[PDB]
């Protein structure tokens, strides 16, 4: 069977995804065909070579330069309405992308994304809409990227009661905390990280706990099927003694709390360097621990590719 895929967004994650798809376009009795790609500059739509498009975007930073394919100025809504892919893959930084998803799901087009806010903020509407149009929504790389914590929660532990999830999901903050442990001030450590590309020049999504908050919210959705009643979002700006501290996202029924935690040397949450980690507590299993990378092009595109296959094959969305 053949499936048509519109990729929406084409930055680090989207370009890595094109590689993965190109290397594995025929797999699991499926053929993956990318019929469109979109960035801010525009949309290409037709018979283009996927790695060729990646190359030209890699050098030039836009889809315009492609030889002999020509650009279309579609709105998100037009792109879906006109291209009519079977699968819409959002790998963009467009926070307000839920409106585009609504349209796609209306036409029974499944959505795959790595873009958090639409899932964190509109999870319920999007799920209902999906079920109503014999379609699916997939978001694995919205949490710990390619490391399959969403698979584990969504499609497994199906007889468990999840009492708690704790997770360290920002490598940058483990870096900052480690430097502080070694005697640097927070502000120095931040300066080091920004100059290293570990942090952005606006570091708030890491330092103020916002990325983790969105990830806690998504986890809360999957595990409990409703928005939380209680929210506590904090970052690391108040940390003084940073020994054995990590920025931890904790999820329990009706509660999300992102904040710094001092951890025993024993704790698998006490991750080193760039490693992310999640400890899931259940009634029958005690702790299940999952660790892996939390970012990177190929790492993130890995999750999305898993989701493309599931969408194509219409895997049930149970949670």
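Positions refer to the first chain, counted from 1.
Mean CA temperature factor from the deposited coordinates, higher in 166-174 or in 75-83? Higher mean C-alpha B-factor in the PDB entry: 75-83.
Going by the average Cα B-factor in the PDB entry, point out whether 147-155 or 133-141 comes out higher. The entry gives the higher C-alpha B-factor average to 133-141.
Quick one: which of 280, 256, 263, 30 has the biggest Cα B-factor according to the entry? In this record, 30 carries the highest C-alpha B-factor of the candidates.
In terms of recorded Cα temperature factor, pick the maximum from 160, 238, 99, 232. Of the candidates given, the C-alpha B-factor peaks at 99.
Relative C-alpha B-factor of residue 267, binned into the chain's lowest, middle or highest third: Within its chain, residue 267 is a middle-third residue by C-alpha B-factor, going by the deposited values.
Compare the C-alpha B factor of residue 227 with those of the other modelled residues in its chain, then answer lowest, middle or highest third. For residue 227, the deposited C-alpha B-factor lands in the highest third.
Among the modelled residues of its chain, does the C-alpha B-factor of residue 25 lie in the lowest, middle or highest third? Its C-alpha B-factor, which the entry lists for residue 25, ranks in the highest third among residues of this chain.
Residue 194 - which third its CA temperature factor falls in, relative to the rest of the chain: Within its chain, residue 194 is a highest-third residue by C-alpha B-factor, going by the deposited values.
Which third, lowest, middle or highest, does the C-alpha temperature factor of residue 209 belong to within its own chain? For residue 209, the deposited C-alpha B-factor lands in the lowest third.
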